[PDB]
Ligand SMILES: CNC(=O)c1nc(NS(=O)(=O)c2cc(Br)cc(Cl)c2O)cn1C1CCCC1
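Quick setup: one chain, the form solved without the named molecule, written in structure tokens, and binding and motion questions come after.
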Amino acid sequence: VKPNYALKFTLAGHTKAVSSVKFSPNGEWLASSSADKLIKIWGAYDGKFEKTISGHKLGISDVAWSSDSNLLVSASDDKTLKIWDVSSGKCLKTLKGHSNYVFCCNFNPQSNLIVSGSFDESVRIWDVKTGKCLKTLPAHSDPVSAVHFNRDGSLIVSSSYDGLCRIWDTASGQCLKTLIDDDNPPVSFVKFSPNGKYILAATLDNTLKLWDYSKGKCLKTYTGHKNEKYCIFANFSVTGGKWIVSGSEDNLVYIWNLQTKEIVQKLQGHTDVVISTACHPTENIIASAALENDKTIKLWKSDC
């Protein structure tokens, strides 16, 4: 089986490179963030522009939804994160504490905590309600490219240009694991699988890898795309066939069969590097977003 993603909508409006796209957990919305300092909300099913959320002083590198789809958190070159109430557009809290650009962010599953990674080479854990920093982890020795909570929130995974993936105990801040393979390329992205058994990691040598983090073993590698320069998001697609989805520096979306590692589809249309992709939580829908020469978001739908 192969999917049949087809272009349905193109979303224009950001005035600079798009940095991140994410579907709300309730499936209704797509949030996007951009070098243009803005967050935009769009209908997930019709691509219809909903609203703009503004307030950051500098470009935004990441945005993420709370579990109940009510809140967003964003990470900006202004060295802050902001927590937003989506329905009102209000900035509820500005999270101050990183000493350099904040590059990546996520809520835990209970959405009472936020994790962030920064060019300051740290990972910070923040209290959502009070907005105050609970823990700072001296996590890495180069900028932190990605941060993600596991399924119950007891662990954090981080990745860095230092070539390392690390797994942290949320409660204690202790480094429980360092993952690295036979080479030391910068690691540009990581996340836990939906079931929380695995970690998917991107490295800037054109490779994605699926790790059993419990065993410290690399189980699968995905190759064929181009990724040497940018921190490109990758995903597990689980609504239909089980795929791996990623952007690429050849302006395409790549889809692999998770088990076989064969490329099953490539999606053409963007005119610049596809920096970010996201997968709809219940429908076979992919959003993709491209860099400065393109500035658009595209929504693709498949029968499986």
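One rule holds for the numbers: they count along the sequence shown, beginning at 1. Throughout, rigid core stands for the largest set of C-alpha atoms superposing within 1.5 Å between the two forms.
- The rigid core fit leaves 179-187 as the farther-lying stretch in 9 other deposited structures of this protein, judged by Cα positions and set against 179-187 and 126-134.
- Two stretches, 115-123 and 211-219, are weighed by how far their CA atoms sit from the shown form in 9 other deposited structures of this protein after rigid core superposition; the farther one is 211-219.
- Annotation for 213-221 versus 153-161: the higher mean temperature factor (C-alpha) is found in 213-221.
- Mean CA temperature factor is higher for 262-270 when stretches 262-270 and 30-38 are set side by side in the entry.
- In the PDB entry, the Cα temperature factor peaks, among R124, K197, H148, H140, at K197.
- In the deposited entry, the Cα temperature factor of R166 sits in the bottom third of values across the chain's modelled residues.
- When the modelled residues of the chain are ordered by their C-alpha B factor, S20 lands in the lowest third.
- Split the chain's modelled residues into thirds by C-alpha temperature factor. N293 is in the middle one.
- The deposited CA B-factor of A64 belongs to the lowest third of values across its chain.
- Ranked within its chain, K82 lands in the lowest third, by CA B factor from the PDB record.
Only in words, not in the display: the form solved in complex with the named molecule, which the text now covers.
- Taken together, the three residues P194, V238 and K242 all lie with some non-hydrogen atom within 4.5 angstroms of the named molecule in the entry with it bound.
- Checking 257-265, 24-32, 39-47, 64-72 against the named molecule in the entry with it bound, the stretch whose residues place heavy atoms within 4.5 Å of it is 257-265.
- Note on the partner interface in the entry with it bound: the residue among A171, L134, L176, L219 having a heavy atom within 4.5 angstroms of the named molecule is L219.
- When you look in the entry with it bound, the only residue of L155, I83, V123, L210 with a non-hydrogen atom within 4.5 Å of the named molecule is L210.
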